[PDB]
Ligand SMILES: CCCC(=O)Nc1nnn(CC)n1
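Below you will find one chain, with nothing else, as structure tokens; this is the form solved without the ligand, and questions on how it binds or moves follow later.
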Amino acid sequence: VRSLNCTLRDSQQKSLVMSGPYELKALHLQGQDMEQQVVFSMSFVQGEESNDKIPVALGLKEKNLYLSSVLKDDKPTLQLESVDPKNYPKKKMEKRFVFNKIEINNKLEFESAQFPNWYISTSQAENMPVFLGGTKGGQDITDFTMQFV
């Protein structure tokens, strides 16, 4: 399946890092301290494609960990999920692992295929988790830049 290596940064220049085994946190990084940032493998998977809308999976570079959207207390929730390292990545990923990457004026948004209009979001504050957020509109950050590695 075609994959790109990549880092993500929020629209406020916060870098993404592993908090626990299974959480990402977003924080202002600079310097050599930038080593500490998570590289994704972004996969081009089967789904609903327009010029504006590309379905992707987001895995960690050389880990069998994927971002998925899951119901956790009658709320769409972001988790890191372990997968069988022999079976992944796939072209037909399961729907919970699929995000629609939307280009919206040199920025990216990552909409969950599974929960429409829920986005990968970060907090304005330091050291908070990346979450699934349902409100675009000037409180949580929903847009990102992408860098190639």
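One rule holds for the numbers: they count along the sequence shown, beginning at 1.
What comes next is about the form solved in complex with the ligand, which is not displayed.
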Review point. Is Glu23 a contact residue for the ligand in the deposited bound form, using a 4.5 Å heavy atom cut-off?
Key: yes
Test of understanding: in the deposited bound form, would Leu80 fall inside 4.5 Å of the ligand by heavy atoms?
yes
Taking the ligand in the deposited bound form and a 4.5 Å non-hydrogen atom cutoff, the residues of 110-149 making contact are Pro129, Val130
